[PDB]
Amino acid sequence: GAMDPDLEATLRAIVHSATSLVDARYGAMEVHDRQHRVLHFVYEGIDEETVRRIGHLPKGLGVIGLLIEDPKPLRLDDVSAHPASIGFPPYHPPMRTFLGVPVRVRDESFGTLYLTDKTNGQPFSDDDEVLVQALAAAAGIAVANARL
Amino acid sequence: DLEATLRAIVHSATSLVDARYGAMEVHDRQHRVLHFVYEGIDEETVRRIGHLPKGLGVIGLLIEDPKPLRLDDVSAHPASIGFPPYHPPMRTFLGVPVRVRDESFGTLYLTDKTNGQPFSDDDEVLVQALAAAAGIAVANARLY
Ligand code: HEM
Ligand code: HEM
Ligand SMILES: [Ca+2]
């Protein structure tokens, strides 16, 4: 089933402002069930054809899974060089710089929010980290309340 | 519980945009203030102001018709009612509806970006996104 229309709109707005304000080329969010299972995937910066070529949606594997495992922000200058990296699938754009955080309310986890390839060519900043943390907290609030 | 959530949101809007003051008012359908949460003002001044806002002037504009409002001087707008006595002076303004598609519940608003700067398109987009999450939280509270 599709997401609640208000939750969908809110989550897309959050991904867009995170992406834009942090100057990321790509931004995405995963919404989770219980036992951290991906239910929905919201993203921007990739065109429609490319999405068709990739074909399959992420399972929230690899580096993304560290955001759940270790509920702290993770910044990397070369994402796929990380030993937990599962790598990109065929047709997926290559990505280097990465900023990701768990989407949470208190101790409950609701998903993950992540940005890649800052237009700078530079790594993501502490200010970037702090802003994305705040947007993830807002996302957590939205998910927790759309749900119950 | 819900005020806490609303307080966290006000805090995020104020900090990230770097405004001196931020608040949120939530009203009922007959426009009576149900929640008023704010940031940037000490308890002594608040006591000197006395009475809470009723959602008049520029805020009443935002309630009457909900769409982003961003101004260089809040007092120069034709709908401006003025500040009450003892209220801090404030100049630059950003305000956005707190809503879901079915209904608008209130206003999230910011004043006096540090170093005297006007609020940007970027600020407006950010605050709208944070307000959207408040709208969902309010809607759910209205459903219990
Ligand atoms: C546009 C924003 C996107 C971002 C920021 C992003 C981010 C990432 C990153 C960093 C990885 C590698 C993680 C690792 O190596 O551990 C990854 C893997 C992957 N991506 Fe993307 N991606 C985006 C878009 C997409 C889209 C649109 C699709 C498909 C339509 C997709 C499908 C996949 C798949 C299947 C994987 C393999 C790992 C998994 O399934 O979890 N991605 N993504
Ligand atoms: C610190 C965050 C605050 C912000 C950002 C803020 C902002 C504003 C703005 C923009 C106006 C409208 C002025 C006009 O239309 O010309 C206003 C008026 C007013 N404010 Fe504040 N204010 C804050 C705090 C407070 C507090 C703490 C109180 C009282 C305890 C208060 C009481 C009032 C009253 C009574 C009005 C007159 C209009 C009305 O009743 O709606 N304000 N404020
Ligand atoms: Ca920028």
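Sequence lines set the chain letters: A, B, ... in the order given, protein chains first and strands last, and positions in each chain run from 1. Each ligand, and each atom within it, is numbered from 1 in the order the structure gives. These numbers come from the heavy atoms of this one structure, side chains and all, not from hydrogens, waters or symmetry mates.
For ligand 2, none of its N or O atoms has an N or O atom of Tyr109(B) under 3.5 Å away. Between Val63(A) and ligand 1, a contact under 3.5 Å exists for at least one N or O pair. Inclusion of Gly87(A) in the set of residues having an N or O under 3.5 Å from an N or O of ligand 1 is warranted. Polar contact with ligand 1: present for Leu61(A) (N/O pair, distance under 3.5 Å). When only interatomic distances are considered, the shortest N/O to N/O separation between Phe93(B) and ligand 2 does not fall below 3.5 Å. Here's the thing with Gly60(A): one of its N/O atoms is less than 3.5 angstrom from an N/O atom of ligand 1. Every N/O-N/O distance between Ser80(A) and ligand 1 stays at or above 3.5 Å.
Short contacts between ligand 2 and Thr111(B), defined as distances under 4.0 Å to a heavy atom of the residue, involve ligand atoms 5 (C). Per-residue contacts place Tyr26(A) under 4.0 angstrom from the following atoms of ligand 1 (heavy atoms of the residue considered): 1 (C), 2 (C), 5 (C). Residue contact check: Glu39(B) has heavy atoms under 4.0 Å from atoms 1 (C), 2 (C) of ligand 2. Ligand-side atoms of ligand 2 in range of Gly22(B): 2 (C), range being under 4.0 angstrom from any heavy atom. The atoms of ligand 2 that sit less than 4.0 Å from any heavy atom of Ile49(B) are 29 (C), 32 (C). Of all the atoms in ligand 1, the ones that sit under 4.0 Å from a non-hydrogen atom of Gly62(A) are 16 (O).
Shortest non-hydrogen contact noted between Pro94(A) and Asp117(A) is O-OD2, 3.4 Å. Scanning all heavy atoms of the two residues, the minimum distance from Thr107(B) to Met24(B) falls at O-CG, 3.1 Å.
What sits closest to atom 1 (C) of ligand 1 on the protein, heavy atoms only, is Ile46(A) CG1, 3.4 Å. The closest protein non-hydrogen atom to atom 14 (C) of ligand 2 is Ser80(B) OG, 3.3 Å. Scanning the protein for heavy atoms near atom 32 (C) of ligand 2, the closest one is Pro53(B) CD, 3.6 Å. For atom 36 (C) of ligand 1, the closest non-hydrogen atom on the protein side is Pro89(A) CD, 3.7 Å. Distance from atom 12 (C) of ligand 1 to its nearest protein heavy atom, with residue and atom name: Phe88(A) CE2, 3.6 Å. Atom 27 (C) of ligand 1 has as its closest protein heavy atom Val51(A) CG2, 3.7 Å. The nearest heavy-atom contact from the protein to atom 38 (C) of ligand 2 is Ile81(B) CG2, 3.7 Å. In this structure, the protein non-hydrogen atom closest to atom 3 (C) of ligand 2 is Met90(B) CE, 3.7 Å.
Grouping the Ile, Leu, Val, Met, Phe, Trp and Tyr side chains by contacts below 4.5 angstrom, directly or via other members, places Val58(B) apart from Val98(B). One hydrophobic cluster, built from ILVMFWY side chains closer than 4.5 Å, cannot hold both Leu108(B) and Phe36(B); they sit in different ones. Under the 4.5 Å side-chain heavy-atom criterion for grouping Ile, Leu, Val, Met, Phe, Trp and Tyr, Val74(B) is not connected to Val127(B) through any hydrophobic cluster. Note on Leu67(A): it does not cluster hydrophobically with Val31(A), by side-chain heavy-atom contacts below 4.5 Å among ILVMFWY residues. In the hydrophobic cluster analysis, where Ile, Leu, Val, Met, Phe, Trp and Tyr join through side-chain heavy atoms closer than 4.5 angstrom, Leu130(B) is grouped apart from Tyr38(B).
For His92(A), the N, O or S atom closest to atom 21 (Fe) of ligand 1 goes by the atom name NE2.
Nearest-residue assignment for atom 28 (C) of ligand 2 (options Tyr86(B), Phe36(B), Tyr38(B); heavy-atom criterion): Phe36(B). Here atom 40 (O) of ligand 1 lies nearest to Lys59(A) when heavy atoms of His56(A), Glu48(A), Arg52(A), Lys59(A) are compared.
Counting only distance, with no hydrogens or angles, the side chain of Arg52(A) and the backbone of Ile54(A) share no donor-acceptor pair below 3.5 Å. Within the 3.5 Å criterion, the main-chain N or O of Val10(B) finds a donor-acceptor partner in the side chain of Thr14(B). In terms of modelled atom types and a separation under 3.5 Å, the side chain of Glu44(B) and the main chain of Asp42(B) share no donor-acceptor contact.
Annotation: the span from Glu39(B) atom CD to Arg20(B) atom CZ amounts to 13.0 Å, rounded to 0.5 Å.
Not a single heavy atom of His82(A) sits closer than 4.0 Å to an atom of ligand 1. Within the structure, ligand 1 lacks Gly45(A) among the residues with a heavy atom less than 4.0 angstrom away.
Relative orientation of the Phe93(B) and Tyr109(B) rings is tilted, given thresholds of 30° and 60° on the angle between their planes.
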**OP:** Decide yes or no on side-chain hydrogen bond (donor to acceptor under 3.5 Å, both in side chains) for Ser20(A) and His16(A), but give the supporting numbers first.
**Re:** CA-CA 6 Å; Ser20(A) 171; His16(A) 176 71; 5.0 Å; no

Subject >> Chi angles and distances behind the side chain to side chain contact (heavy atoms under 4.5 Å, CB included) call for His27(B), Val33(B) >> reply: CA-CA 4 Å; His27(B) 54 77; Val33(B) 177; 5.5 Å; no

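Using a cut-off of 3.0 Å, one finds that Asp122(B) contributes no N/O/S atom close to the Ca ion (ligand 3).
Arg48(B) and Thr45(B) are linked by a side-chain donor-acceptor pair at a separation below 3.5 angstrom, with hydrogens and angles left out of the test.
When non-hydrogen atoms are compared, ligand 2 lies under 4.0 Å from the backbone of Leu52(B) (N, CA, C, O) but not from its side chain.
Residue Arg70(B) is tested with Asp121(B), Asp122(B), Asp123(B) for a salt bridge (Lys or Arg N to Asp or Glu O under 4.0 Å); the sole match is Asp121(B).
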